[PDB]
Each structure stands twice: as structure tokens, then as C-alpha cells.
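*Asks:* I have a structure here, written as C-alpha cells, and I will follow up with some questions on it.
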Amino acid sequence: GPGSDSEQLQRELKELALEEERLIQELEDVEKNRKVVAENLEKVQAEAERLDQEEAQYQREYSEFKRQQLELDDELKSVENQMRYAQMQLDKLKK
Amino acid sequence: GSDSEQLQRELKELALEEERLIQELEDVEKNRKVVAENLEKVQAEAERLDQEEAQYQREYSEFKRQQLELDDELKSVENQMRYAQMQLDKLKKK
């Protein structure tokens, strides 16, 4: 019994050792892979946060141009209205 | 005659302002559509980054799980080797 039982245990230990070796390598490599994915995730989240501020700036710019456009068009209506009035005064003097 | 000349001077100054305003409006409309375009570009990029974010969060979770799982696989193997070696030693001791 004991001799054959010992040979079976020796075979089991050799199988375990080979798997141990493999796992140790796989753990070294997963650690490298996790470092890359952590970098990638941070970079994309940092970029998204930056783009949010860019978008906020453009929305302010857009709103400002829109306001300017309304202000200018109203100034133009005033000029046009003043010119008609002046011409009407001139028309009275031209006669 | 003088009132007329005054009004003619006024109309000339106004026509200059009208010209200036019409140009300023052309330019604001140009500036406005550039910003609208920047906006469209920003929004497309934001969508792209959202999708890349989702991808990397998935990969993050997958590799974290893989490390947790591998480490427990190694611990199980270490436990099994200790037990097997203990049995081996006992059989030697007869």
C-alpha cells in the first residue's frame, strides 16, 4: 500500500507544481494587463471631463452670438425707422 | 435750405450705419454657424468617448475578476500541494 500510495501522491504533486508555475506566470501578466486598462479608463474619463468643459464654453459662445444677432437686428430696425422718418421730413421741405 | 441740408447729412450718416450693421449681421451669422458646427463635433466626440468608457469599464471589471480568480486558483493549488506533501511525509515516517 504505502509505496504505491506515495507514487500516486508524487504524481499529484508534480501536476500541481506545473499548474502553480503556470498560474504564477498568468498572475504576472494579468497585473501588467490591469495597469494598461487602468491607464486607458482614466485617460478616457479625463478626456470626457475635458470635453464637457469645452462643450460648456461653446454653449456660452453660441448663446452670446445669438444675443448679439438680436441686438444688431434691433439696431438695424432703428436705423431703418430713423431713415424713413428723416426722408419724410425732407419730403415736406421738398415742396 | 439749411433744414434740408441737415436732414441730407443725417440720412448720409444713417446709411453708413445701415451698411455697418448689415456687415456686422453677416459676420455674426458666420460666427454663429461655426460654433454650431463645433457643437456638433463636440457632441459626436462625447458619444464616442461614452462608448469607449463603457468598453474600458467592461475590460476593467473583466481583468479585475481574472486577477481575483487566478489568485484564488493559486491559493487552492498551494493548499492542495501542502496537503499532498503532508500525506507524503506521513507515509515516509511509516
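Protein chains in written order, with the numbering used here: chain A, 2 to 96; chain B, 2 to 95.
Positions of the beta carbon are idealized from the N, C-alpha and C atoms, including for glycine.
For the alpha helix (DSSP H) containing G4 (chain A), list its first residue and its last residue.
*Replies:* Run containing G4 (chain A): 3-94, per the alpha helix (DSSP H) assignment.
*Asks:* Of all the residues that make up the region 7-38 of chain A, which are near chain B by a beta-carbon distance shorter than 8 angstroms?
*Replies:* Answer set for the region 7-38 of chain A: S7, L10, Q11, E13, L14, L17, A18, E20, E21, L24, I25, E27, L28, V31, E32, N34, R35, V38.
*Asks:* At least one CB of chain B closer than 7 angstroms to the CB of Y59 (chain A): is that the case?
*Replies:* Cβ-Cβ to chain B under 7 angstroms: yes for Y59 (chain A).
*Asks:* From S64 (chain A) to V29 (chain B), what does the alpha carbon distance come to, in whole angstroms?
*Replies:* Distance between the alpha carbons of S64 (chain A) and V29 (chain B): 12 angstroms.
*Asks:* When you compare only the Cα positions, how much space is there between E48 (chain A) and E60 (chain B)?
*Replies:* Each residue's alpha carbon lies about 18 angstroms from the other.
*Asks:* Hey, does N39 (chain B) have any beta-carbon neighbour from chain D nearer than 7 angstroms?
*Replies:* Reference to chain D is not applicable here, since the protein chains of this structure are A and B.
*Asks:* Taking the C-alpha atoms as reference points, what is the distance between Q44 (chain B) and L17 (chain A)?
*Replies:* Between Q44 (chain B) and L17 (chain A), the C-alpha separation is close to 54 angstroms.
*Asks:* Show which residues of chain B have a CB atom less than 7 angstroms away from the CB atom of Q88 (chain A).
*Replies:* The answer, in chain order, is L12.
*Asks:* Candidates A:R23, A:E29, A:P3: which alpha carbon is nearest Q68 (chain B)'s?
*Replies:* Checking every option, the nearest Cα to that of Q68 (chain B) belongs to A:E29.
*Asks:* Taking 7 angstroms as the cut-off, decide whether the C-beta atoms of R33 (chain B) and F66 (chain A) are in contact.
*Replies:* Cβ atoms of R33 (chain B) and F66 (chain A): closer than 7 angstroms.
*Asks:* Measure from the C-beta of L71 (chain A) to each C-beta in chain B and report whether the shortest distance is under 7 angstroms.
*Replies:* For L71 (chain A), the answer is no, since every Cβ of chain B falls outside 7 angstroms of its Cβ.
*Asks:* So, does the region 2-15 of chain B touch the region 80-94 of chain A, judging by three or more C-beta pairs under 8 angstroms?
*Replies:* The region 2-15 of chain B is in contact with the region 80-94 of chain A.
*Asks:* Taking 7 angstroms as the threshold (C-beta atoms), are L71 (chain B) and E21 (chain A) in contact?
*Replies:* No.
*Asks:* Closer than 8 angstroms by beta-carbon distance: list the chain B residues that pair up with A49 (chain A), in chain order.
*Replies:* Going along chain B in sequence order, the residues near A49 (chain A) (Cβ under 8 angstroms) are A47, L50, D51, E54.
*Asks:* Out of B:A37, B:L8, B:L22, point me to the one whose CA is closest to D75 (chain A)'s CA.
*Replies:* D75 (chain A) has its Cα closest to that of B:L22, out of B:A37, B:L8, B:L22.
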